[PDB]
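Descriptive analysis of the structure
Now for the letters of each chain:
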Amino acid sequence: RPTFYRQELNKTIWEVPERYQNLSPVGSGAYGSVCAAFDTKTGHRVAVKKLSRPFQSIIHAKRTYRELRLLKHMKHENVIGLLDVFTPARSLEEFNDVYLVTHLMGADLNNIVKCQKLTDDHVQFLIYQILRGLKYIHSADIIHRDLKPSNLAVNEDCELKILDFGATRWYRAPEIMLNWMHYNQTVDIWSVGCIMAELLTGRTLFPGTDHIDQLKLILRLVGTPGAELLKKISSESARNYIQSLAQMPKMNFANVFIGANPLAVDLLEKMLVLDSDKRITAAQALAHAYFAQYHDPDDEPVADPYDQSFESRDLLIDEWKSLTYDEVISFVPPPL
Ligand SMILES: CS(=O)(=O)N1CCC[C@@H](NC(=O)[C@H](CCC2CCCCC2)NC(=O)c2ccc(CNc3ncnc4c3cnn4-c3ccccc3)cc2)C1
């Protein structure tokens with residue numbers, strides 16, 4: 001067990017191993033309780049996040065568990081990984097505080113776009129990397145559900161990591177804003193479509209004042225729902241609403257991206273599909289011709305089996321808090 005040290009940072013008690021020095025608060029608050037540190041073991045900068053009110057309720061307890069269970073699983077170049085998870089607690093009796101260590105983020109994809117006007121070489125490479133990360137995540141039966149530029153970290157090499165820091169609206173698949181039952185991984189693909197369009201056009205594709213405004217901007221671009229789609233909505237009320245919000249004059253798809261590489265527009269067209277059963281998968285996307293320059297199949301792995309069975313459980317804080325401790329004590333850092 002390592003030696004820890006106390007610290008007040010913005011009226012917040014920060015106890016960490018001494019290997020993590022120069023803790024400095026980052027994200028102006030909005031990213032939760034996060035500090036930039038210096039990993040003295042490796043001499044790189046890192047992010048320490050102290051988890052906030054982690055065992056307050058069943059929901060918070062179970063959510064603390066899922067996160068640690070997820071971070072510990074992600075061993076892929078285009079997805080966030082865990083360098084370190086620690087607690088000051090010398091026992092389960094005392095366990096209340098959880099700290100997570102990751103690479104420090106230099107820029108989100110948002111910052112990138114503010115900095116520079118991206119080329120088609122950039123857009124190919126960036127989207128290739130998101131779809132690669134998604135192929136891995138999807139293989140483990142994990143859906144991101146909140147893919148957006150602020151959750152995409154991008155380095156000096158334009159190398160990219162998918163993460164979730166916790167406007168979502170702009171990038172959200174339409175089935176979710178209509179609260180339909182059926183939900184597949186391709187909700188993420190919709191988001192990649194929205195993100196890619198933004199990288200091509202430099203503007204929010206569906207900049208919707210509210211969710212109803214959003215759904216109008218979508219349906220005028222991706223068409224009044226087809227016979228095929230409507231034949232999969234159950235409620236008369238829902239079907240009448242969906243076709244009721246598709247009363248904006250229809251728009252021409254390729255018109256919206258005049259100037260873009262046609263191979264890009266071709267790909268966008270297979271991502272921004274109303275019918276999620278007919279929307280392309282991450283693994284198919286990787287084989288699209290727009291990624292000729294990068295797409296290597298032998299180098300686009302799937303994840304290992306991910307035990308998600310805890311998702312279905314109604315347990316007590318002390319079960320959640322105990323399963324969490326198990327996972328903290330038993331963590332094995334990645335190699336350097
Ligand atoms: C459903 S739920 O309810 O469980 N759900 C609630 C909302 C938050 C969700 N988070 C996660 O479950 C994911 C892990 C799940 C994976 C993520 C990848 C896709 C597949 C699923 N967790 C993460 O992705 C994460 C991110 C950062 C950290 C710590 N690291 C930083 N935390 C803040 N800020 C930072 C840094 C680094 N740099 N910066 C930074 C910020 C600003 C400026 C400079 C640097 C820790 C964890 C969980």
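Residues numbered from 1 in each chain as written, not as in the entry; some residues may be left out. Heavy atoms only, no water. Residues with missing side-chain atoms left out of burial classes, pairs and counts.

Looking at the method and resolution fields of the entry, one finds X-ray crystallography and 2.7500 Å.

**Considering the overall build of the protein chain**
Short version of the rule: Labels follow the DSSP assignment, with helices taken as runs of H or I lasting at least four residues and strands as runs of E lasting at least two, numbered in each case from the N terminus. Based on C-alpha atoms, the radius of gyration is set beside the globule rule, defined as 2.2 Å times the residue count to the power 0.38.
Along the backbone of the protein chain there are twelve helices and nine strands. Relative to its length of 336 residues, the protein chain is compact, with a C-alpha radius of gyration of 22 Å against a globular reference of 20 Å.

**Observations regarding the site of the ligand**
Worth spelling out the cut-off: Only heavy atoms are used to decide nearness, and a residue is near a molecule or strand if one of them lies within 4 Å of it. Any pair of nitrogen or oxygen atoms within 3.5 Å is treated as a polar contact; in protein, a donor-acceptor pairing is required on top of that, and neighbouring residues in sequence qualify only through side-chain atoms on both sides. For the accessible areas, the method is Shrake-Rupley and the probe is 1.4 Å, while residue cover comes only from the protein chains on display. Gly is placed with the polar residues, together with every amino acid not listed as nonpolar (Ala, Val, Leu, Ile, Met, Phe, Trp, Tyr, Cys and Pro) or charged (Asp, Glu, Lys and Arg).
In the region of the ligand, 21 residues are neighbours, and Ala47, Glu67, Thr102, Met105 and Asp164 sit closest. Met105 places a main-chain nitrogen or oxygen 3.0 Å from a nitrogen atom of the ligand. In the complex, the protein chains occlude 83% of the 970 Å² of accessible area that the ligand would expose alone. Among the elements of the structure, strand 5 (44–50), helix 1 (58–73) and strand 7 (99–103) are those that each provide at least two residues to the shell around the ligand. With five residues, the top contributor of residues to the shell around the ligand is helix 1. Grouping the amino acids of the shell around the ligand by side-chain chemistry returns twelve nonpolar, four polar and five charged.

**Overview of the packing of helix 3 (residues 120–139) against helix 6 (residues 187–201)**
Relative placement of two packed helices is described by the angle separating their axes and the distance separating the axes. Using the following cut-off: Convention adopted: a line fitted to C-alpha atoms gives each axis, helices being fitted over their contacting stretch, and angles between N-to-C directions are expressed from 0 to 180 degrees. Roughly parallel means an angle under 35 degrees; roughly antiparallel, over 145; roughly perpendicular, 65 to 115; everything else is oblique. By the convention used here, residues are in contact when the closest approach between their heavy atoms is within 4.5 Å.
Following both chains from N to C, one finds helix 3 and helix 6 inclined at 170°, their axes separated by 11 Å at the closest point. By the criterion of interaxial angle, the relationship of helix 3 to helix 6 is roughly antiparallel. The segment helix 3 lies against helix 6, with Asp120, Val123, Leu126, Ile127, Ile130, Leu131, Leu134 and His138 engaging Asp188, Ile189, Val192, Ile195, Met196, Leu199 and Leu200. Residue composition of the contact of helix 3 with helix 6, by class: twelve nonpolar, one polar and two charged.

**Describing empty space enclosed by the protein**
Operational definition: In the cavity and pocket records, a cavity denotes points on a 1 Å grid over the protein atoms alone where a 1.4 Å probe fits but cannot get out, a pocket denotes an open set with protein on both sides within 12 Å along at least 5 of 7 lines, and lining residues are residues with an atom within 4 Å of a point. Grid points are joined across faces, edges and corners, and a volume is the space filled by probe spheres set on the points.
Empty space within the largest cavity amounts to approximately 40 Å³. Contributing to the lining of the largest cavity are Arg145, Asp146, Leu147, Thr168, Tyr171, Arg172, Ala173, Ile176, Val187, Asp188 and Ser191. Residue assignment for the lining of the largest cavity shows that the elements contributing at least two residues are helix 4 (168–171) and helix 6. Among the elements that make up the lining of the largest cavity, the one with the highest residue count is helix 6 (three residues). For the lining of the largest cavity, the per-class residue count stands at five nonpolar, two polar and four charged.

**Some words on the sheet that holds strand 5**
Which entries qualify depends on this criterion: Paired strands, in this sense, are two strands between which DSSP finds at least two bridges.
An order of 3-4-5-7-6 is seen for the five strands of this open sheet, with the pairing classed as antiparallel. Each having just a single partner strand, strand 3 (20–25) and strand 6 (84–86) make up the two edges of the open sheet. Averaged over all neighbouring strand pairs, the angle between strand axes comes to 25°, with direction disregarded.

**Section: the side chain of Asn78**
Locating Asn78 in the fold gives a position in the loop between helix 1 and strand 6. At 2.8 Å, the side chain of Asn78 forms a polar contact with the side chain of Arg132. Sequence-distant contacts of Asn78, that is, excluding residues within four places in its chain, are made with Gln129, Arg132, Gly133, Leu160, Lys161 and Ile162.

**Section: the environment of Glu269**
Residue placement: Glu269 occurs in helix 10 (residues 262–271). Along the sequence, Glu269 and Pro207 sit 62 residues apart, while their C-alpha atoms lie 19 Å from each other.

**Concerning the UniProt feature "binding site: ATP" in the protein chain**
Worth spelling out the cut-off: UniProt positions are given in the numbering used here, feature names are shortened, and annotations may be inferred rather than shown by experiment. Think of it in three bands: with a 1.4 Å probe and only protein chains considered, a residue is buried below 20% of the maximum accessible area for its type, exposed above 50%, and partly exposed in between.
Feature annotation in UniProt places "binding site: ATP" on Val26, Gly27, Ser28, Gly29, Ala30, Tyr31, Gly32, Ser33, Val34 and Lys49, given in this structure's numbering. Separation in sequence by 24 residues is not matched in space for these annotated residues, since their most distant C-alpha atoms are only 13.6 Å apart. Mapped onto the elements, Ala30 comes out in the loop between strand 3 and strand 4 (34–39). Judged by its relative accessible area of 76%, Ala30 falls in the exposed class. Secondary-structure assignment places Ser33 in the loop between strand 3 and strand 4. You can call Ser33 partly exposed: its relative accessible area is 22%. Leaving out residues up to four positions away in the same chain, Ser33 has contacts with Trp14, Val48, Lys49 and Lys50.

**Considerations on the UniProt feature "active site" in the protein chain**
In this structure's numbering, the residues bearing the UniProt feature "active site" are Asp164. With respect to the helices, strands and loops of the structure, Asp164 is situated in the loop between strand 9 (160–162) and helix 4. Residue classification places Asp164 among the partly exposed positions, given a relative accessible area of 41%. Those residues within four positions of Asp164 in sequence are excluded, and the remaining contacts are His144 and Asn151. Polar contacts involving the side chain of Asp164 include one to the main-chain amide nitrogen of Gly166, which spans 3.2 Å.

**What about the packing of helix 1 against helix 12 (residues 317–329)?**
To keep it simple, the criterion reads: We call a crossing left-handed when the near helix sits turned anticlockwise from the far one by less than a right angle, and right-handed when that turn is clockwise.
Helix 12 packs onto helix 1 with a crossing angle of 20° between their chain directions and a minimal axis gap of 8 Å. The angle between helix 1 and helix 12 falls in the class roughly parallel. Seen along the crossing, helix 1 lies across helix 12 with a hand that is left-handed. Of helix 12, the residues touching helix 1 (which contributes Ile58, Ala61, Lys62, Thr64, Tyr65, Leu68, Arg69 and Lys72) are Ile317, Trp320, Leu323, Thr324, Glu327 and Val328.

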